[PDB]
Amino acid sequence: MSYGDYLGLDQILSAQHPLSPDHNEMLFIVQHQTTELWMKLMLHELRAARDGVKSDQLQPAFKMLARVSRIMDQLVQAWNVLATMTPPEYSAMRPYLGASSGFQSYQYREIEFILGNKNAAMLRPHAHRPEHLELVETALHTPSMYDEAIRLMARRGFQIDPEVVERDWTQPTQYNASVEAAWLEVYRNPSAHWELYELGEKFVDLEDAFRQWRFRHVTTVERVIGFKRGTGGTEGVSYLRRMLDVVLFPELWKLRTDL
């Protein structure tokens, strides 16, 4: 094998096709593609970590999660590159781009799903692509990594309501008081439940990082296209601002008030 052959560089390096004649489009493309590639790896690591939670093998899953942390670090910092795109540069390419939409990233949606941000409406963008629909549908129906953590807590003897241990996995993650009581006992007695303590903090980290990514995205988008006002709640910067209110692991955050 050559380097290029083993790495698939014939494909990786022939997928940059600028629609406009503008110098700054290569940036626009490469920034998305690098992100998509890292997401592929994040998905691979998260799914393995979830399998470790499932099988009570937390130590290797912690390692996987740490790797996800360092991947997320790349992704948040990446915005530093796109931030060198200016409004005039983007408006030069704009007319050539068409309706495309990060909304159509099926990898990003599977990440949200794996993190418990379930939404069956988010299947629609993928309906024309039965292979993508399948991936996102199956993830919608699979218990989230947080669902698995709650299940693990109950398999460690914490009295969690059965309706959050087994439920319709296609529904959004909603605060449950028995789950906060369990995390409270963990954080009040860390040396008695060190692994759950550590687990809790790795979830908070993952949420923290993802929040940062959400914020850096909407900030960068705004600095390139603005806050297009009065254009719907469904898309644009208005939508991306609402995405800042997403809570992934609710009782891990609430517990801080109640400690």
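Residue positions are given as counts along the sequence shown, with the first one as 1.
Stretch comparison (81-89 versus 126-134) by mean CA B-factor in the PDB entry places 126-134 on top. The mean Cα B-factor in the deposited entry runs higher for 159-167 than for the other of 110-118 and 159-167. Considering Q212, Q57, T35, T219 together, the PDB entry gives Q57 the largest C-alpha B factor. Ranked by C-alpha B-factor against the other modelled residues of its chain, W194 falls in the highest third. In this PDB entry, the Cα temperature factor of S101 sits in the top third of its chain's modelled residues, the highest group.
Annotation for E185: C-alpha temperature factor in the highest third relative to the rest of the modelled chain, per the entry. Among the modelled residues of the chain, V76 sits in the lowest third by CA temperature factor in this PDB entry. Among the modelled residues of its chain, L240 has a C-alpha B-factor that falls in the middle third according to the deposited record.
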